[PDB]
Structure formats: C-alpha cells, structure tokens
2 protein chains.
Amino acid sequence: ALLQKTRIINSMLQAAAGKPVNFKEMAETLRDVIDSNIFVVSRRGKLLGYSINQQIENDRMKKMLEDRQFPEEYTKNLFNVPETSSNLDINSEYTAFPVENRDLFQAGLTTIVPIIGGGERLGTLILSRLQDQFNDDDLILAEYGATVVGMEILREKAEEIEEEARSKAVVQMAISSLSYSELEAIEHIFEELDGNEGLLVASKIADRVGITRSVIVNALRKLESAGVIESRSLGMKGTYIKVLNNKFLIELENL
Amino acid sequence: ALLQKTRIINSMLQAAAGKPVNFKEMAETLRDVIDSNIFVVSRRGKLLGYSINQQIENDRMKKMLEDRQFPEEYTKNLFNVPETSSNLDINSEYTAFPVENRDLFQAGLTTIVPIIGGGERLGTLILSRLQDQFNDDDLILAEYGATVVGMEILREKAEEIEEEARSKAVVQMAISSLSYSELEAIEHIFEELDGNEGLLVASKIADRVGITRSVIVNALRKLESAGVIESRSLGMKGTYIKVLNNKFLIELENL
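The record lists X-ray crystallography as the method behind this PDB entry and 3.00 Å as its resolution.

So, in structure tokens, the structure goes:
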C-alpha cells in the first residue's frame, strides 16, 4: 500500500497548487500517511506547523510547542544534523546531539529528517512515535514528505518576493512617467495628506504650492491609471484619495 | 535497495539546484535508477529529453524521436491519459488509446506517467522495457521521477518568460524616455543599420534626415544608459553600435 501512500502525498502536493501554503494541513496529511507525530521546524528553528496522533511525555518538546520555537541551543544542534537520523530514543549512543540536549529523546522514538531544497538547508522535519520502529518504508515516506514541504517553503517565499518586488517595480515605473511638476505635485499632496487616506481641495493646493490644478489632477490620474491610487471627487469643494499600493508611500519617501 | 534508489533521485534533484535544467541528464539518471528507457514529452507533446538503455523495435516511437515531436493525434491522446498507466503492450485491452494508435505499443512494455505540477498537466513521462514488468517499486520511482521533472519544467519555463518579458519591459521603459526627435532618430538609425551590429557616421545621418547630430547622439546615449545598446566611436569618420537586447529590434518594428 506504499505506492498508494506516496500517491496521497503526490495528490496533496498537486492539491496545494494555487493556494497559500498551509503547514498545519501538510502536517496532518503526513501524520496520517506515515502514522506518527509530525513537526515542521524552520532553518531559524521556528515551529511552522505540526500534527499529533499519539501523546508522548516529553518536556522539552511540549515546551518547544508552547514557545512555538526552539532555543538557539537546539536550533543549532538540529541544523547540524547533516542527514536523516532515525529511531533515536534516550538510550541512543550516537554523535548528533551533546549529552545535555538528549532530553529531546526523553521518551519514545524520534526521527530527524533535514528539509533540503533549492540548495539550502531549509529546516527540519521531526517525527515521533510512542514505540513503533521507523522501518524503511516510513523513511521513504518521511523523506518524500520533507522533500515536498521543502518545495512549499520555496513556493511560499518565492511568491513573497514576487509580490514585494512587483509592487515596488510598478510604483517606480509609474513614478518614472511623471513630469517634474507632476511629481512635485504628488509629493506636496502626500506631504499634505494624513497617511493612507484623506481628502483635499485640489484647487487650494494649486495656489498654496504654485502648480496648476490641471496638472495636479493629471498627476493623480497617472497614479490612478497605474493602479497605485484610487481617486473620487465630490463635485469639488473636495477631492478624495486612497492608496492601494502599500509600497507606494514608502517609495515616495525615498526621494 | 529501493530507499537508496529514491535517494538517488533525491540527490539528483538537489544537484540540479542552481544549474540550467537539463532533461537529457535527468533522463539518464532515471534510465539508470528505474532500469528502463525514459522519454520526457511536453504538454504540447514536444520531446524534451530522453535516454535509452535497451533497444526496442518501435516505428512509431523512432519516428517520434526523429521528429523530436508527436503528431497532434497522439499528443492529444497522450494528454487524455489521466493517471499512471502501466505495462501496456500490443495485447493490452483497455481504454486509453484508440486502436489506430495502438502502434505505440508495437513492441515491449510501456508505462505512462502524467507529469503534473503547479496544478497543471505539464507533460508526460514515458518508460519502456523490452520485457521486464513494471512492479510497484518501479512505479514509485517513476512517479517520484515525474514529480521531480515537474518542478523543473516549471522552473525552466518560468525563467524563460521572466527573461523574455523583462527584456521587452526595459526596452519599452527606455523608449518611453525618448523625445519625438530622439525616437525619430533611433528609427532611421536602425532602418539604416544592417541588423544587430555595424557603424555609421552620426553627422551624415543628421543631414540626410534633418535632425541635429547632437540629439541623434543623445538618443543613442539614452539607449545605452538603459543597457539596450553598446556604443563606441572611432574619433568620428565613424561611430559603431551593437544591440545588447534581443527584444529591442523587434519592439522597434512594432512602431
């Protein structure tokens, strides 16, 4: 039924497709397929997701869960595990962890799989059982699992930078197309405006600043047509604006 | 030794990391691990890579290889296989292929794994053997294999459109910065130039066309400053230019 088991993980990957990464979800699916407690811990050792199907009396663990994080101590110790290590209990004679960190295997069997992707140690996958051995098939699953979670940390962060940069880009591209006086205007406007939103009299700034209303508006138009702001007038004696690009205001500061 | 077999795939993936996707290589690695002929065919049914370890008398396939492509016929039929289909020979009674495409199984055992990733059917992985059956362990590997190829087809195509676009984008942005006269100049320059490279006398076009050297120059500057072209003079009685943006010439046409 192993083929089938891997097939699940396959479909769970295929499923997460266009949808924001959910670690808790993945944690569960693994928990189910491999039949073990599942813990997903970042490079920096932060707890990213987890799922439990058997209670295991472990202080260090419970504390870590409460903390949603590992102490630097362990975090490092963990990162230093270079490859899958399996079936570690408190009796395990081995290298990976120094004596005073063995409280991690206080009870039950633990397996450590590094999460590697995009040529980086991305984090670590922790599995624990009360007493059932991790045989090879388990390991296969666990490893495939970690591999998949890898690809998600990647998708996750990749999506992240694409947004950040794209938005910034667009702002710049828009700003670029401003005349001196247009930009001059925009600057004065948001110098005047009280953050993300608010309204002002276009025709008033025009006098106050020494720039035709016609261009002030024009400038607004450009920003709007690039989708950075949203503007609606109120039969003048008012015109109102909200920014729709979170990077915009910051970028504007940089000049 | 299955675990080990998967682990190869694993490190093959991890290996491809920062390096340009190569399908022939992956083909080989899978050929090796699965112990079967491997062919990687796109959504559009193009041949992407392949590797052979055993000769099989199959005209349809030899033909396909020569063509580096399938006929729309098969391409379609292939795409319609919704999930892994295994050990299909000429005698197989089943649904997947209409009997006029049976010539596909002319000889030996064929197995088809759809390549799915990022929520799309990305292509198809085809494996063939002269007579050894595909057991589950093979299918696990073959499927893990397809999966890996997946994220690569993705990466490859993604990188592809990121370059295409970015180039185009920057051309436009640079064009955007030009005066009527400046642009007019550019246009006559490349109308005069014979493709990607060559030289002319700036001062000559100036009279020929009715635009000051001074601006013709400055137009070139602008382009260069944006990294579109590369310009070096030769103490006049010559100035020389090379386009560094493959999209630029094309875009220019579109005006």
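Draft legend 1. Examining the nonpolar core more closely. Membership of the largest hydrophobic core comes to 55 residues, with the highest contact counts inside it found for A:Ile115, A:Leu125, A:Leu127, B:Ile34, B:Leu125 and B:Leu127. The element contributing the most residues to this core is helix 5 (residues 136-176) of chain B, with nine residues. The residues touching A:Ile115, leaving out its near neighbours within four places in the chain, are A:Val40, A:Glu120, A:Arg121, A:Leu122, A:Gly123, A:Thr124, A:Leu125, A:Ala146, A:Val149, A:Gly150 and A:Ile153. In terms of nonpolar packing, the next biggest core, distinct from the first, is built from 22 residues, B:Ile175, B:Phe190, B:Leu220 and B:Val228 among them.

Draft legend 2. Geometry of the pairing of strand 5 (residues 120-129) of chain B. Residues and elements named next belong to chain B. Among the ten residues in strand 5, nine count as buried, and that is most of the element. Sheet topology places strand 1 (residues 37-42) next to strand 5; six bridges connect them, and they run antiparallel. Bridged to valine 40 within strand 5 is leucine 125. As defined by bridge partners, strand 4 (residues 109-117) adjoins strand 5 across nine bridges and the pair is classed as antiparallel. Across the sheet, the residue bridging to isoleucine 116 is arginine 121, located in strand 5. Hairpin connection from strand 4 to strand 5: two residues lie between these consecutive antiparallel strands, with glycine 118 at a positive phi of about 35°.

Draft legend 3. Up close: unusual backbone geometry. Despite not being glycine, A:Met236 has its phi angle at roughly 30°, a positive value. In the Ramachandran plot, B:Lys237 falls in the positive-phi region, its phi being about 55° despite a non-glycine side chain. Overall, B:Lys237 belongs to the exposed group, its relative accessible area being 75%.

Draft legend 4. Molecular detail of the UniProt feature "binding site: GTP" in chain A. Residue and element names in this part refer to chain A. Per the UniProt record, "binding site: GTP" is annotated on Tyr50 and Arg68. Of the residues just listed, which span 19 residues, no C-alpha pair is farther apart than 10.1 Å, and they cluster in one region. Locating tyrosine 50 in the fold gives a position in strand 2 (residues 47-51). Classification of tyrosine 50 by relative accessible area gives buried; the value is 17%. Not counting chain neighbours up to four residues away, the residues in contact with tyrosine 50 comprise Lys24, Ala27, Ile38, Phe39, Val40, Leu65 and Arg68. As for its placement among the helices and strands, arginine 68 is situated in the loop between helix 3 (59-67) and helix 4 (72-79).

Draft legend 5. Structural view of the relation of the copies chain A and chain B. The transformation that overlays chain A on chain B combines an axial shift of 1.4 Å with a rotation of 179°, and the residual RMSD is 1.6 Å. Expressed as an axis order, the relation between the two copies is that of a two-fold axis. Closest to the rotation axis within chain A is the C-alpha of A:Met173, separated from it by 3.7 Å.

Draft legend 6. Representation of the pattern of salt bridges in the model. All names here are of chain B. For the structure shown, the criterion picks out 25 salt bridges over all chains. The salt bridge involving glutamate 192 is made with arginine 208; its shortest N-O contact spans 2.7 Å. With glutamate 192 in helix 6 (residues 180-192) and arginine 208 in helix 7 (residues 202-209), this residue pair connects regions lying 16 residues apart in the sequence. On the accessibility criterion, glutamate 192 (31% relative accessible area) is partly exposed.

Draft legend 7. Spotlight on the UniProt feature "DNA-binding region" in chain A. Feature annotation in UniProt places "DNA-binding region" on residues 202-221 of chain A, given in this structure's numbering. Between the C-alpha atoms that bound residues 202-221 of chain A the distance is 13 Å, and the span itself is 85% helix and 0% strand.

Draft legend 8. Main features of the sheet that holds strand 2 (residues 47-51) of chain B. All names here are of chain B. Across the sheet, five strands lie side by side as 2-1-5-4-3; this open sheet has antiparallel pairing. Of all the strands in the sheet, just strand 2 and strand 3 (85-88) have a single pairing partner and so form its edges. Strand after strand, the sheet turns through a mean of 15° between neighbouring axes, direction not considered. Contacts from helix 2 (residues 23-35) reach strand 1, strand 2 and strand 5, with the element oriented near 40° to strand 2. Against the sheet, helix 5 contacts strand 1, strand 3, strand 4 and strand 5, and its axis sits at roughly 40° relative to strand 4.

Draft legend 9. Here's a closer look at helix 9 (residues 246-253) of chain A. Residues and elements named next belong to chain A. Restricting attention to buried positions, one finds in helix 9 the residues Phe248, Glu251 and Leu252. All buried residues of helix 9 project into a common sector of 95° when viewed along the axis, lining one side. Relative to its buried face, helix 9 has exposed residues pointing more than 90 degrees away, namely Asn246, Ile250 and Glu253. Where the residues of helix 9 are buried, they touch helix 5 (136-176), helix 6 (180-192) and helix 8 (213-225).

Draft legend 10. Spatial organisation of the sheet that holds strand 3 (residues 85-88) of chain A. Residues and elements named next belong to chain A. Ordered by their spatial adjacency, five strands build an open sheet running 2-1-5-4-3, and the pairing between neighbours is antiparallel. Unpaired on one side and paired on the other, strand 2 and strand 3 mark the two borders of the sheet. Adjacent strand axes in the sheet meet at a mean angle of 15° when their direction is disregarded. Two strands pair when backbone bridges link them, and strand 3 and strand 4 (residues 109-117) are joined in this way by two bridges, in the antiparallel orientation.

Draft legend 11. Up close: the side chain of A:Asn245. Topologically, A:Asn245 is positioned in the loop between strand 8 (239-243) and helix 9. Only 2.7 Å separates the side chain of A:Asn245 from the backbone nitrogen of A:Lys247, close enough to count as a polar contact.

Draft legend 12. Seen up close, the domain arrangement of chain A. Residue and element names in this part refer to chain A. Domain annotation for chain A reports domain 1 (1-169) and domain 2 (170-255). With centres defined by C-alpha atoms, the gap from domain 1 to domain 2 works out at 48 Å. Between domain 1 and domain 2, the contact holds five residues from the first and seven residues from the second. When the buried surface of domain 1 facing domain 2 is broken down by residue, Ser167, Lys168 and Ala169 rank first, second and third, together holding 85% of it. Across the domain 1-domain 2 interface, the total number found is one salt bridge. Note that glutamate 164 is salt-bridged to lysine 247, the shortest N-O span being 3.9 Å. For the pair domain 1 and domain 2, the number of links is nine residue pairs in polar contact.

Calculation criteria
Residues numbered from 1 in each chain as written, not as in the entry; some residues may be left out. Chains lettered and ligands numbered in written order. Heavy atoms only, no water. Core = buried A, V, L, I, M, F, W, Y, C linked by side-chain atoms within 4.5 Å. Buried < 20%, exposed > 50% of the residue type's maximum accessible area, 1.4 Å probe, protein only. Helix = DSSP H or I, 4+ residues; strand = E, 2+ residues; numbered from the N terminus. Contact = heavy atoms within 4.5 Å. Pairing = 2+ DSSP bridges. UniProt positions renumbered as here; feature names shortened; annotations may be inferred. Least-squares fit on C-alpha atoms. Salt bridge = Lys/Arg side-chain N within 4 Å of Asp/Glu carboxyl O. Axes fitted to C-alpha atoms, helices over the stretch in contact; angles between N-to-C directions. Arc of directions from axis to C-beta. Polar contact = N/O pair within 3.5 Å; in protein donor to acceptor, adjacent residues only side chain to side chain. Domains from an automatic or database assignment. Buried area = accessible area lost by both parts, 1.4 Å probe.

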